[PDB]
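Only this structure's heavy atoms are used, side chains among them; waters, hydrogens and symmetry mates stay out. Quick note: residue numbers are just sequence positions, from 1.
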Amino acid sequence: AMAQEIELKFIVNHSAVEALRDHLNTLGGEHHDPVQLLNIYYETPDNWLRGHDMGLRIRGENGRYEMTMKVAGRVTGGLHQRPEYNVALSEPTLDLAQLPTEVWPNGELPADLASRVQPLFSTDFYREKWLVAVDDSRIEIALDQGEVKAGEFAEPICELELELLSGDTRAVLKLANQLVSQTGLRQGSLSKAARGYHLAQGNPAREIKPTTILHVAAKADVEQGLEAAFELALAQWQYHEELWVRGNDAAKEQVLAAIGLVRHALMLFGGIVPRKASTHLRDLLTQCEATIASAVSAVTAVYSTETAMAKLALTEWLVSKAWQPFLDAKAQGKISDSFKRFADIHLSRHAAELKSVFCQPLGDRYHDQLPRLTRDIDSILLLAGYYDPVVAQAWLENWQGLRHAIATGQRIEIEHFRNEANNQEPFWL
Ligand SMILES: [Mg+2]
Ligand SMILES: [Mg+2]
């Protein structure tokens with residue numbers, strides 16, 4: 001089969017590198033001085049490997065070569081969990097026959113793959129390492145500094161990785177908790193390969209991604225729905241934070257919206273997961289929101305300890321499934337039942353709230369209802385996924401139009417969408 005890589009990635013603010021290196025040196029690990037890693041990644045003209053979330057490189061460490069294939073896995077905040085397979089090489093030339101068949105989607109290497117792959121991008125960086133023990137786990141800390149480059153287009157590498165060599169993922173999260181007491185770290189959801197692929201397309205500006213309806217598997221239980229909901233909210237926070245720190249000022253609003261979605265998900269599942277399961281998480285989210293609101297700089301806001309601690313708290317809560325020990329028998333029964341059936345009930349609950357609030361025109365008092373309206377839209381986004389996507393998104397579009405118009409003060413559009421929303425019927429059972 002494949003091996004399994006588990007590592008937590010933090011992007012490091014450039015000014016914080018020296019202070020980080022000093023801190024890492026107080027942990028009492030086995031330290032290795034920087035070594036240059038030279039990598040070339042390979043890809044076809046039709047972006048075949050990228051289409052499968054899989055990356056192929058040859059790594060050089062002082063004339064010693066290694067071929068590595070990573071395949072589709074999971075990214076949760078900064079935590080990358082990818083299957084991989086590494087093969088030692090005698091010289092820098094690919095040998096695709098050495099990889100197991102389970103690497104390939106069809107169980108067979110495409111006939112022309114070796115012939116049509118070209119060098120698409122490189123990563124050239126110096127890696128400094130600390131090996132540390134946390135409980136019964138062993139973790140390799142890597143500090144990477146250099147470049148990722150696709151022809152003309154390059155961007156800096158300045159990041160920290162905590163790779164689990166053996167043991168438990170909880171140990172990685174424990175280690176992270178010590179490090180985010182100081183500024184200069186943010187969880188990074190983009191692999192070096194993902195950034196390399198983007199540069200190779202001419203490094204176009206990334207666009208804001210509005211949240212769309214969550215689609216959870218048929219037969220999923222409520223717990224699976226909950227996991228998918230929090231995965232989505234964290235992914236939307238990560239994506240928009242990356243855009244914001246890269247210079248998109250409009251993305252700030254979407255960072256706050258994603259944090260709002262976390263809160264609304266906690267409320268949605270609050271009949272099952274008690275409020276006390278998320279006391280500390282919600283406290284940290286409040287301080288993060290305040291820091292974001294008052295920030296003069298995206299860089300300062302994003303690399304702050306308020307943001308760092310709040311984000312790590314959410315990642316840990318999700319990955320550790322921290323709700324589980326709080327569930328009594330009744331709650332366990334409800335969380336193990338159908339998400340589809342749960343969703344039908346809660347769609348009606350949120351529709352009742354929307355109808356009662358917006359059945360009449362509200363004059364100068366629309367803006368005070370924004371939090372309620374936003375909660376209900378967010379809740380329906382998480383719940384509406386078992387129906388026809390065209391019908392369901394069309395239903396939501398009218399409430400979303402109302403929310404936009406209220407937020408920007410468009411009097412005509414407020415009344416238009418309020419009427420459209422009150423004239424449409426429900427789509428659910
Ligand atoms: Mg890595
Ligand atoms: Mg690694």
**Study point:** Flag if over 12 foreign heavy atoms under 6.0 Å of NE2, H215
**Key:** yes
Review point. In Å and rounded to the nearest 0.5 Å, what is the CG to CG distance from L27 to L131?
Key: 12.0 Å
Exercise for review: Kindly compute the distance separating CD (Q400) from OG1 (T211), expressed to the nearest 0.5 Å.
Suggested key: 9.5 Å
Check your understanding: For residues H240 and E253, is any side-chain donor paired with an opposing acceptor at under 3.5 Å?
Key -> no
Check your understanding: Side chains of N248 and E207: do they bring a donor and an acceptor to under 3.5 Å?
Key -> no
Check your understanding: Is it true that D168 and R170 make a salt bridge, defined as a side-chain N closer than 4.0 Å to a carboxylate O?
Key -> yes
Practice item. Provide the closest heavy-atom pair for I414 versus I406 in the form atom of the first, atom of the second, distance. Key: CG1-N, 3.7 Å
Exercise for review: Name the orientation class of the two ring planes belonging to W399 and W395 (parallel below 30°, tilted from 30 to 60°, perpendicular beyond 60°).
Suggested key: tilted
Check your understanding: Is the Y197 ring parallel, tilted or perpendicular to the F121 ring (thresholds 30°, 60°)?
Key -> perpendicular
**Study point:** Between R186 and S304: side-chain donor-acceptor atoms closer than 3.5 Å
**Key:** no
Exercise for review: Measure across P274 and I272 and return the closest heavy-atom pair with its distance rounded to 0.1 Å.
Suggested key: CD-O, 3.4 Å
Review point. Should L164 and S137 be marked as a side-chain contact (heavy atoms from CB on, under 4.5 Å) after you check the CA-CA gap, both sets of side-chain angles, and the distance that decides it?
Key: CA-CA 7 Å; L164 187 63; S137 307; 4.0 Å; yes
**Study point:** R372 atom CZ: more than 12 heavy-atom contacts under 6.0 Å
**Key:** yes
Study note, to complete from the structure: Shortest non-hydrogen pair, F230 vs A265, comes out as CZ-CB, 3.7 Å
Review point. Regarding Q187 and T315, is there a side-chain donor-to-acceptor distance under 3.5 Å anywhere?
Key: yes
**Study point:** Carboxylate-amine/guanidinium proximity below 4.0 Å for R74 and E231
**Key:** yes
Review point. Does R138 come within less than 4.0 Å of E163, counting only side-chain N to carboxylate O?
Key: no
Check your understanding: Between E43 and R50, is the closest basic N to carboxylate O distance under 4.0 Å?
Key -> no
Check your understanding: Do the non-hydrogen side-chain atoms of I157 and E147 ever get within less than 4.5 Å of each other?
Key -> no
**Study point:** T300 and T183: CA distance, side-chain angles, deciding distance, side-chain contact (heavy atoms from CB on, under 4.5 Å) verdict
**Key:** CA-CA 9 Å; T300 307; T183 62; over 6 Å; no
Revision key, fill the gap. Output for pair (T307 OG1, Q287 CD), nearest 0.5 Å, gives 10.5 Å
**Study point:** side-chain contact (heavy atoms from CB on, under 4.5 Å) assessment of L160 paired with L179
**Key:** CA-CA 11 Å; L160 185 72; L179 300 172; 4.1 Å; yes
**Study point:** Salt-bridge present (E353, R375; N to O < 4.0 Å)
**Key:** no
Check your understanding: Are the side chains of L383 and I213 in touch, meaning some heavy atoms are under 4.5 Å apart?
Key -> no
Check your understanding: Are any of the side-chain heavy atoms of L162 and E7 separated by less than 4.5 Å?
Key -> no
Review point. Quick check: does any side chain N or O of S336 sit under 3.5 Å from a backbone N or O of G333, one acting as donor and the other as acceptor?
Key: no
Check your understanding: To the nearest 0.5 Å, how far apart are CG in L347 and CG in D376?
Key -> 11.0 Å
Point to revise | Of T68, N86, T123, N39, the residue whose pairing with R59 passes side-chain hydrogen bond (donor to acceptor under 3.5 Å, both in side chains) | key: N39
Point to revise | Heavy atoms of other groups near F427 CZ, more than 12 under 6.0 Å | key: yes
Practice item. With rounding to the nearest 0.5 Å, note down the distance linking CG in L382 to NE2 in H350. Key: 9.0 Å
Exercise for review: Using the six-membered ring of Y239, assess whether NZ or CZ of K209 lies under 6.0 Å from its centre and within 45 degrees of the ring axis.
Suggested key: yes
Check your understanding: Is any NZ, NE, NH1 or NH2 atom of the basic residue among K192 and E161 found under 4.0 Å from an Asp or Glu carboxylate oxygen of the other?
Key -> yes
Review point. Would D135 and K174 pass as an ion pair if we require N to O under 4.0 Å?
Key: yes
**Study point:** Stepwise side-chain contact (heavy atoms from CB on, under 4.5 Å) test for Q145 and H14
**Key:** CA-CA 10 Å; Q145 200 169 16; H14 188 94; 3.4 Å; yes
Review point. Shortest non-hydrogen contact from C158 to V17?
Key: SG-CG2, 3.4 Å
Check your understanding: With distance as the sole criterion, is a donor-acceptor pair present between the side chains of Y126 and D33 under 3.5 Å?
Key -> no
**Study point:** Heavy-atom side-chain proximity of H32 to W130 below 4.5 angstrom
**Key:** no
Revision key, fill the gap. Of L8, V319, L314, the one forming a side-chain contact (heavy atoms from CB on, under 4.5 Å) with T76 is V319
Review point. Taking atom CZ of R349 as the centre, does the number of heavy atoms from other residues, nucleotides or ligands within less than 6.0 Å exceed 12?
Key: no
Check your understanding: Are any of the side-chain heavy atoms of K70 and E5 separated by less than 4.5 Å?
Key -> yes
Review point. Is the distance between the ring centroids of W323 and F269 under 6.0 Å?
Key: no
Point to revise | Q36/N62 under side-chain hydrogen bond (donor to acceptor under 3.5 Å, both in side chains): CA gap, chis, key distance, verdict | key: CA-CA 7 Å; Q36 190 180 33; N62 207 350; over 6 Å; no
Check your understanding: CD1 of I259 to CD1 of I292: how many Å apart, nearest 0.5 Å?
Key -> 4.0 Å
**Study point:** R206/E242 ion pair, N-O < 4.0 Å
**Key:** no
Check your understanding: Between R341 and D337, is there a salt bridge with N-O shorter than 4.0 Å?
Key -> no
Check your understanding: Is there a side-chain contact between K311 and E241, using heavy atoms and a 4.5 Å cut-off?
Key -> yes
Check your understanding: Any chance CD of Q182 has more than 12 other-residue heavy atoms, nucleotides or ligands included, within less than 6.0 Å?
Key -> yes
Review point. So, do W244 and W237 have ring centers that fall under 6.0 Å from each other?
Key: no
Exercise for review: Start with the C-alpha distance between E223 and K321, add both sets of side-chain angles, then the distance that settles salt bridge (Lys or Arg N to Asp or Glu O under 4.0 Å), and finish with yes or no.
Suggested key: CA-CA 10 Å; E223 191 169 47; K321 306 181 197 282; over 6 Å; no
Check your understanding: What are the two closest heavy atoms between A392 and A384, and how far apart are they?
Key -> CB-O, 4.2 Å
Check your understanding: Can you find a pair of side-chain heavy atoms, one from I141 and one from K129, that are under 4.5 Å apart?
Key -> no
Point to revise | Worked check of ring pair (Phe, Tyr, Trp, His ring centres under 6.0 Å) between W428 and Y386 | key: CA-CA 9 Å; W428 60 93; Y386 293 110; over 10 Å; no
Check your understanding: Can you check side-chain hydrogen bond (donor to acceptor under 3.5 Å, both in side chains) on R263 and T286, steps first, answer last?
Key -> CA-CA 10 Å; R263 292 181 177 284; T286 305; 2.9 Å; yes
Review point. Closest heavy-atom contact between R116 and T44?
Key: CG-CG2, 3.5 Å
Check your understanding: With a 4.5 Å heavy-atom cut-off, do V71 and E102 have their side chains touching?
Key -> no
Exercise for review: Please say whether more than 12 non-hydrogen atoms of neighbouring residues, nucleotides or ligands are located less than 6.0 Å from CG in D136.
Suggested key: no
